[PDB]
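A short write-up of the structure that comes next.
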Ligand SMILES: CC(F)(F)c1cncc(C(=O)N[C@@H](Cc2cncc(Br)c2)C(=O)O)c1
């Protein structure tokens, strides 16, 4: 039993809710919140900018130190950093950005990072400003993630479309 509430169950292990991931993180304090990161951990907009703003820029400060030490992530890769006031940990995961021409096949590799964590609160990778089709992202999520994932979808119209078209 966990503290996630109001989710619709899509599969044995994938759940979905129309919610603001920032507000959901603030209420649940999950062990892991996933950030829709880029390879530079520059949290300017989309989910990343919203999460970072909610940490009063502490996420960005920590991220800049991480990059200065380790260099950029790989597209499809991830790193675990602090969750600050939102979660115990933040798993920064880099999905491919279609608006940069990155290969969409890397979306499966990106979701594989979720399997290293038993339970996660997450957005749909490569959705929103990353330019992928969220319906495709949900399909890859369901077919790749085996751990328990609670997906927060900010846009109500998109949420209803994701549920209604789900196979
Ligand atoms: C063009 C379109 F029709 F596909 C479209 C339009 N608007 C929003 C999205 C979207 O992917 N939203 C997700 C992911 C998300 C993105 N950025 C910020 C947050 Br916070 C959450 C959501 O709401 O959870 C997609």
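Coordinate-derived values only; no laboratory data.
Stretch residue 157-residue 135 to full length: gain in nm at 0.36 nm per residue minus the Cα-Cα span? Don't skip to the end; give the middle numbers.
Numbers: separation 22, 0.36 × 22 = 7.92 nm, distance 1.26 nm.
Taking 0.36 nm per residue and subtracting the Cα distance, the gain is 6.7 nm.
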Which one, 85, 97, 35, has the greatest fluctuation when you compute a Gaussian network model over the chain with C-alpha springs under 10 angstrom? 85
Once the piece of chain linking residue 164 and residue 64 is laid out straight, how much longer is it, given 0.36 nm per residue of separation minus the C-alpha distance between them? 32.0 nm
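As a test, work out the antiparallel percent of DSSP beta bridges whose residues both lie in segment 1-97, rounded to the nearest 5.
So the antiparallel bridges amount to about 60 percent of the total.
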DSSP bridge pairs, segment 8-165: antiparallel proportion in percent, nearest 5: 30 percent
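Taking 2.2 N^0.38 Å as the expected size of a compact globular protein, what ratio does the Cα radius of gyration of segment 1-78 give against it, to two decimals? Spell out each step's value before the answer.
Working: Rg = 14.4 Å, N = 78, 2.2 N^0.38 = 11.5 Å.
Scaled against compact globular proteins, the figure is 1.25.
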Between segment 101-167 and segment 15-91, what is the separation of their alpha carbon centroids in Å? 16 Å
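Using the alpha carbons of the chain, what is the convex hull volume per residue in cubic angstrom, as a whole number?
Convex hull volume per residue, Cα atoms: 100 Å³.
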